[PDB]
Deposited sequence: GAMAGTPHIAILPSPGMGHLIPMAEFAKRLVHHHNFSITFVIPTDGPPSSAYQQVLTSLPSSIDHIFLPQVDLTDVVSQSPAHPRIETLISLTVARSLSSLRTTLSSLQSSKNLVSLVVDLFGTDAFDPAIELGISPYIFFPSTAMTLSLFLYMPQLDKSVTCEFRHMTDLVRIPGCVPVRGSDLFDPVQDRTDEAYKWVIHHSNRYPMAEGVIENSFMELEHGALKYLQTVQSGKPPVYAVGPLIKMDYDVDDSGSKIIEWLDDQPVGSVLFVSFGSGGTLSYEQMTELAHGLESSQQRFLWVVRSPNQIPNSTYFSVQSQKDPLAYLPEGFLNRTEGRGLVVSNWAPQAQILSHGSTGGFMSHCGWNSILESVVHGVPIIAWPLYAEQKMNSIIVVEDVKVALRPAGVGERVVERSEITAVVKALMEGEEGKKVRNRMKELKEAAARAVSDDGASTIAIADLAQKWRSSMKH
């Protein structure tokens, strides 16, 4: 027979997408088969179902019986979902073992309680980390930091403000914090750690994590792991090479009504071409909310006349655009993003320079990698701390698209894109890491 791997993902497109791309990359050039075994505390989203049902026939999926959590933070909820699913998980993995050559279970950072059924059944427990090597190093370091505590010195990383540490540790009194410590202390139970990053992006963190140390699991750098819109592409086709700022704000959080108003003026005043994926703002004044034609229309909250005045150089679309296809298009010269790691890696693989717009603490850590460390990104003044003024938005858009700063960032991003292409080549570090994992799983047969 041939090897079978179970993968236990978190809820949320952000965790599922890179695990799905890992699974696709493994079965593409290996005769392996995979089951996604999905713990749930409620119905999965249609976007989550869309990813699962679109995978190749070598990759199936099973939902575990829903846990009733009736009684806030998503990490506490994930942790309780997995802990209350362990009986179901053991019986499911046993049933999989009777139809397939199950050799391993791969879990996320908040899935360490699922190690118990894996170890019980004699299959290898592995961790898959879909975010940065910097976040992995911070996760591993949390037990030490907890016993210690002015800038936070994450091993291998550029120093980081306490106020920037990923959101599950931003309140120590919270259950989410005690769960991060619980999972961090269990990390060495893993036979290996699969990291969604590559050396030229995070040399410091990966060098640290890959330092051979007795009783610490090996870390496999497998990144970058990345992947109806015809009218959007037809628009892009009609713009000159390198001219369009893609404002990819369809995911990664919500702007305030105030911030959305400043962003519309700042884009218009730049006179640059843009493709803006808009979601409904929050923080909406009563007078606005009750006066728009449709509450569901994100475009209804834009300034009076903005869409009419910009219609020659700006395409504004509701909620979605084909992000990978846009970033591949020669007309795309910039990418403004909330700096989800998946979004950053897409922009890197296509060589599109970034404007960093982080809203959440983990996005702020990601934005430090691209702005301050590898410098393939510019950031508007104040972003993540305060409303960004229209003049600050105009300034950063001009800097990226026409300025000397833009030219430098664009050259550095081209060199990083070439390093990413090398990493995923036949003889590249990510391909070698996937082959290494394949050989580990085959040896368990």
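- Residues 1-4, 76-83, 162-169, 248-254, 473-474 of the deposited sequence have no C-alpha coordinates in the model.
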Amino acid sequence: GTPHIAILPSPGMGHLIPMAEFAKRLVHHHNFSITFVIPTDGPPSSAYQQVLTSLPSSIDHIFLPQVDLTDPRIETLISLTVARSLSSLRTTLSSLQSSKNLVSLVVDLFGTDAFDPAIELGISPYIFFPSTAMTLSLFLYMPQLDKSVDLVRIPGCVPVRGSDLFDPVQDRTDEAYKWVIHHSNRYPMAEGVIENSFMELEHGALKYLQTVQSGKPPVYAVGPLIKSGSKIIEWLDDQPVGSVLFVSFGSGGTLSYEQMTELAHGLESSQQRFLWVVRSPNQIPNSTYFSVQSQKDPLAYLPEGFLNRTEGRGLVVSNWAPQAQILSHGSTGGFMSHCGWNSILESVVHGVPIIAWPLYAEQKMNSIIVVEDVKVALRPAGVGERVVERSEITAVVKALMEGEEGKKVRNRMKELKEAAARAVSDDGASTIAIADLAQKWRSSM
From here on, numbers count along this sequence of modelled residues.
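- Of the two segments examined, 358-366 and 151-159, it is 151-159 that shows the higher average Cα temperature factor in the deposited entry.
- On average the C-alpha atoms of 229-237 have higher B-factors than those of the other stretch, with 315-323 and 229-237 being the two compared.
- Across 268, 120, 171, 258, the entry's maximum B-factor at the CA atom is seen for 171.
- Sorting 285, 188, 252, 223 by the CA temperature factor given in the entry leaves 285 at the top.
- In the PDB entry, residue 13 places in the highest third of its chain by CA B-factor.
- Split the chain's modelled residues into thirds by C-alpha temperature factor. Residue 301 is in the middle one.
- Sorting the modelled residues of the chain by their CA temperature factor places residue 385 in the highest third.
- The deposited CA B-factor of residue 275 belongs to the lowest third of values across its chain.
- The PDB entry assigns residue 26 a C-alpha temperature factor belonging to the lowest third of its chain's modelled residues.
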